[PDB]
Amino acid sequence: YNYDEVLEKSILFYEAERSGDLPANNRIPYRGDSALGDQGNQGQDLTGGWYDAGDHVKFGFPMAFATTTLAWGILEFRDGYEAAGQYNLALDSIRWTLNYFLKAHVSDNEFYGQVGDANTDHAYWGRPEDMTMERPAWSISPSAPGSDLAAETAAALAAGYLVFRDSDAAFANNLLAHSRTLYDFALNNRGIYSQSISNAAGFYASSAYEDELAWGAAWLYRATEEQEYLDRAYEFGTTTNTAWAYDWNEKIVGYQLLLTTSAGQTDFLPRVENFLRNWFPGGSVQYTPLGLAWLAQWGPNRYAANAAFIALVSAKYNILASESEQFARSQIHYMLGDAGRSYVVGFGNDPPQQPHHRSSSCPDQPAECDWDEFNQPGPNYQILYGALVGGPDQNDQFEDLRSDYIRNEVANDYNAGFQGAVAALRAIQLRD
């Protein structure tokens, strides 16, 4: 497989998800300015960010986690991005959301975590450029805590500091300053963000915030090397529990691996190895007949690509390296087409033609776009290059229907581990 092309197109997927005032060098011809009125309750500019999935909600929690995971991959697999000619583009990709998080952090202890009412937004089918419904904005604050959202955003900002400090120190230092402030806010104003922003509970409900507190502390320790953050990571982290998955809700194996590798903390390595072995063949995750590690019906490709990412970071630091690389490659290659068709839109053999995605479902301007474009039986008019779809059922079956909001879903977090894993595989081609 051409990993250079996969990385190029994955980054184009994120570019097709951009909200706001698009740059002059916009590479997605069917996308234009949209949601230029997104703003806080005192008129604070909230334009930008990524639309989460095939909708037009800006969901802060997965948006931040996708950014942390993308930044981690850029840090560890820079050589793969560079060999692919995609490193500057990858930095530009996450600069978009990092700038959004800076806007959303309107004061020390207030952070906007959602723009768009998901119920109103999902009732609409059409271009984001054509939206006319009200787009409410909700924040977390001392009266409305969200330790999970605040600490995940602090993690993304600290990871972003590390990514950018060697090319744009003014930007990087601003990210780190806000990381510190948001993490203090997360620690000192405790609660679940999707209880405080109740519109989020139907879509990205957080089950617990302690793992985010450990994760944000681990990233801030990598960024600052200040002992107080390593202490926070041990305080809220576990050495005794193994993660079920790595995803936008569960940070456990993420911070365990980060602390093992970047911080040299041996106490967490047994749980990293438990996670890896659970996902490897012979472990505790069922494999489809054709070889996809299949955790659940909701975004199996996302779960498997996330585990592949964790495995490839592990391999880089000589943690079960040979088995990790072989497992990770098997999962990414399933998604690139090993089972007979690609699960990456616009890539490879017989890629999915009907991603559950509004803007790519619309014909070129000035044609009409409404629920007719949801229902129509043919391919989406625009090719959503790079999007990893949710994936097949447990028997490798996939109908490629836009109405299949489970299997044909696309999302920011679906591509986040995937993209870093592809960059890791490209880097291994350099090593070998």
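Residue numbers here begin at 1 and follow the sequence given.
The PDB entry records a higher mean C-alpha B factor for 275-283 than for its counterpart among 275-283 and 299-307. Stretches 397-405 and 384-392 differ in mean C-alpha B factor, with the higher average recorded for 397-405. The PDB entry gives the largest Cα B-factor of the residues 361, 198, 93, 265 to 265. Taking the deposited Cα B-factors for 136, 113, 202, 73, the highest one is held by 202. Among all modelled residues in its chain, residue 106 ranks in the middle third by Cα B-factor. Placement of the Cα temperature factor of residue 373 within the chain: highest third of the modelled residues, per the deposited record. Among the modelled residues of its chain, residue 180 has a C-alpha B-factor that falls in the lowest third according to the deposited record. Among the modelled residues of the chain, residue 57 sits in the lowest third by CA temperature factor in this PDB entry. When the CA B factors of the chain's modelled residues are split into thirds, the value for residue 290 lands in the highest one.
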